[PDB]
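Analysis of the macromolecular model
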Amino acid sequence: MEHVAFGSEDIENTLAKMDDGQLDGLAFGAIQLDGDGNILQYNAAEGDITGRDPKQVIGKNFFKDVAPXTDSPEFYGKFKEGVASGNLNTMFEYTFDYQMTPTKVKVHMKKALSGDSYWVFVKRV
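These residue numbers run from 1 along each chain by written sequence and may not equal the entry numbers. Residues without coordinates are not shown. Hydrogen atoms and water are omitted, and side-chain values are computed over all heavy atoms in the structure. Residues with missing side-chain atoms are left out of burial classes, side-chain pairs and their counts.

What the deposited record gives as its method is X-ray crystallography, and the resolution it gives is 0.9700 Å.

This paragraph deals with the overall build of the protein. We count a stretch as a helix when DSSP gives it H or I for four or more residues in a row; a strand needs E for two or more, and each element gets its number in order from the N terminus. Counting its regular elements, the protein contains five helices and five strands. Listing the helices and strands of the protein from first to last along the sequence gives α-α-β-β-α-α-α-β-β-β. Note on method: radius of gyration uses C-alpha positions; expected globular size equals 2.2 Å times residues raised to 0.38. Radius of gyration (C-alpha) of the protein: 13 Å, near the 14 Å computed for a compact globule of 125 residues. The principal-axis extent of the C-alpha atoms belonging to the protein is close to 30 × 30 × 25 Å. Whether two residues are in contact is decided by their heavy atoms, any of which lying within 4.5 Å being enough. If you take every contact in the protein between residues at least 6 apart in sequence, the share linking residues at least 24 apart comes to 40%.

Next up on the list: the UniProt feature "domain: PAS" in the protein. UniProt positions are given in the numbering used here, feature names are shortened, and annotations may be inferred rather than shown by experiment. As annotated by UniProt and renumbered to match this structure, "domain: PAS" occupies residues 23-86. End C-alpha to end C-alpha, residues 23-86 measures 23 Å, and it is 41% helix and 14% strand.

This paragraph deals with the pairing of strand 3 (residues 89-96). Remark: exposure states derive from per-residue accessible area (1.4 Å probe, protein chains only) relative to the maximum for the residue type, with buried under 20%, exposed over 50%, and partly exposed in between. Only one face of strand 3 is buried: it carries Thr90, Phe92, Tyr94 and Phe96, and the other face, with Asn89, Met91, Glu93 and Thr95, is open. Strand pairing is defined by DSSP finding a minimum of two bridges between the two strands. Pairing geometry for strand 3 and strand 4 (residues 103-111), over eight bridges, is antiparallel. Pairing of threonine 90 across the sheet is with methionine 109, part of strand 4. Linking strand 3 to strand 4, which pair antiparallel, is a turn of six residues; within it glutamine 99 sits at a positive phi near 55°.

This paragraph deals with the environment of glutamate 12. Take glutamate 12: it is sitting in helix 1 (residues 11-14). A 3.5 Å cut-off defines polar contacts: any pair of N or O atoms within that distance qualifies, except that in protein one atom must be a possible hydrogen donor and the other a possible acceptor, and neighbouring residues in sequence count only when both atoms are side-chain atoms. In terms of polar contacts, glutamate 12 uses its side chain to reach the side chain of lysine 110, at 2.7 Å.

Bringing empty space enclosed by the protein into the picture now. Cavity and pocket criteria rest on a 1 Å grid covering protein atoms alone: a 1.4 Å probe that fits but cannot get out defines a cavity, protein on both sides within 12 Å along at least 5 of 7 lines defines an open pocket, and an atom within 4 Å of a point defines a lining residue. Grid points are joined across faces, edges and corners, and a volume is the space filled by probe spheres set on the points. Here the second largest cavity defines a volume of roughly 30 Å³. As for the second largest cavity, its lining consists of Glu12, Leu15, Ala16, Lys17, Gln32, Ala112, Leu113, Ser114 and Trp119.

Looking at the secondary structure, you find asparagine 61 in the loop between helix 3 (44-50) and helix 4 (62-66). Exposure remark for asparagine 61: the relative accessible area of 13% places this residue in the buried category. Each C-alpha atom of the pair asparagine 61 and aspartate 71 lies 11 Å from the other, and the pair is ten residues apart in sequence. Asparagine 61 has contacts with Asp36, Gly37, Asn38 and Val66, leaving out every residue within four places of it along the chain.

What follows covers the packing of aromatic side chains. In this scheme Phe, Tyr and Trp rings, the latter by its six-membered ring, pair at centre separations within 6.5 Å, and the angle between planes marks the pair as stacked below 30 degrees, edge-to-face above 60, and tilted otherwise. Enumeration according to the criterion identifies 14 aromatic pairs in this entry. Their ring planes at 50° and their centres at 5.1 Å tell us that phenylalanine 63 and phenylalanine 79 sit as a pair that is tilted. You can see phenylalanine 63 sitting in helix 4 and its partner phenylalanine 79 sitting in helix 5 (residues 73-85), a full 16 residues away along the chain. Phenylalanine 63 sits in the buried class, given a relative accessible area of 2%. When the ring of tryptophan 119 is compared with that of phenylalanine 121, the centres are 5.5 Å apart and the planes differ by 20°; the resulting orientation is stacked. By relative accessible area, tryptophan 119 is classed as buried at 1%. By relative accessible area, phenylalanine 121 is classed as buried at 0%. Joined through ring pairs, the aromatic side chains of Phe62, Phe63, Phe75, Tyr76, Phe79, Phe92, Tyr94, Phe96 and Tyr118 make up one cluster. Look at NZ for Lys and CZ for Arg. If either is within 6 Å of the ring centre and within 35 degrees of the ring normal, a charge sits over the ring. One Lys or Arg, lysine 78, reaches over the ring of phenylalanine 92 and ends 5.0 Å from the middle of that ring.

Okay, here's the thing in structure tokens:
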């Protein structure tokens, strides 16, 4: 286990440039998106929560392709606002239900330190 808590105040500094292997050590799901929502990183904990294969989703668009249930004002809308402002930091509960058993989660979206990069962190609730 990497010793990082979900929702930690400095999470973007701790995860900065974490390689795919180290990201797989987190206790929570972690996705890194570009500003358009394309998947740059996707860890093992997230694949366990959602069923997706962390290796296969990289390069897919999260909102258009992988997670259409998040293509809504309550998820994608918040993401694209926070990308626009360059200050994204939002935590909210949500239900993931596309081609899966509906699963309620807590989501934390936060701008990364790397260019054109945004984290989506996920844990079960």
